[PDB]
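One structure below.
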12 protein chains.
Amino acid sequence: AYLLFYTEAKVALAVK
Amino acid sequence: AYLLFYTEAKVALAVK
Amino acid sequence: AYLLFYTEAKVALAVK
Amino acid sequence: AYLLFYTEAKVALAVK
Amino acid sequence: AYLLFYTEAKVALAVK
Amino acid sequence: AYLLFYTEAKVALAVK
Amino acid sequence: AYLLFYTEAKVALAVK
Amino acid sequence: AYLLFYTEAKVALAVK
Amino acid sequence: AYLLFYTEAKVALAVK
Amino acid sequence: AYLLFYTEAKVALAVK
Amino acid sequence: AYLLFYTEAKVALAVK
Amino acid sequence: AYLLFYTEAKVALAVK
Ligand SMILES: [Cl-]
Ligand SMILES: [Cl-]
């Protein structure tokens, strides 16, 4: 699965 | 901060 | 699961 | 052998 | 920010 | 030189 | 600087 | 392709 | 197998 | 302590 | 394949 | 310091 890095600012992650 | 791994049933991440 | 770097460009971390 | 990051959560460096 | 492996034991991924 | 993963979003390998 | 991945077929690296 | 640290001695980055 | 670290000083490397 | 990849060529894993 | 780090001044990369 | 890999048949480590 993908580890997506995004900004909610500061860094946050999601897994897909 | 550091990345936390926990179980969402996949692995899931959080930044602490 | 394994945390494996990969490329397609970008490098990214996969959860396998 | 491969040096792979691994998690069941903690991460460990696995020597396969 | 840097993604830095560290130990204090297992390893963890610091976001710096 | 150090090889440091980083992210600002993409991840990349910095050479320091 | 950072490591670039690009396709020249096969993936190749450059330091930028 | 995967980027896998590897060692038989030196560590090396394999591209699979 | 995987590596665990044990530290006090200087870092020590137990294998499992 | 940080676990940082580096290269002077070979890659190696530093303990900082 | 292997990522190679070679010197030519500065450090350059090759995949073989 | 840096992690040293050697052969004991398996891969073993030491901190130097
Ligand atoms: Cl001290
Ligand atoms: Cl031997």
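Annotations
- Semi-axis lengths, largest first, of the ellipsoid equivalent to the protein assembly as shown are 23, 23, 16 Å, with √(5λ) applied to each eigenvalue of the Cα gyration tensor.
- Computed from backbone phi with θ = phi - 60° and the Karplus coefficients 6.51, -1.76 and 1.60, the 3J(HN,Hα) list for the range J:2-8 is 6, 10, 10, 5, 8, 8, 8 Hz; x is used for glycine and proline.
- In the structure shown, the pairs G:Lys16/K:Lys16; E:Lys10/I:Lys16; H:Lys10/J:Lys10; F:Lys16/G:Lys16; H:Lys10/L:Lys10 are assessed against 18 Å; a Cα-Cα span above that value is assigned to G:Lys16/K:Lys16.
- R0 of 30 Å, Cβ-Cβ distance L:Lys16-G:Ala1: FRET efficiency to nearest 0.05: 0.60
When we count neighbours, we look across all protein chains shown, and the Cβ atoms used for this are built from the backbone with ideal geometry, even at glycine. Since every read-out is calculated from the coordinates, none of them should be taken as a lab result.
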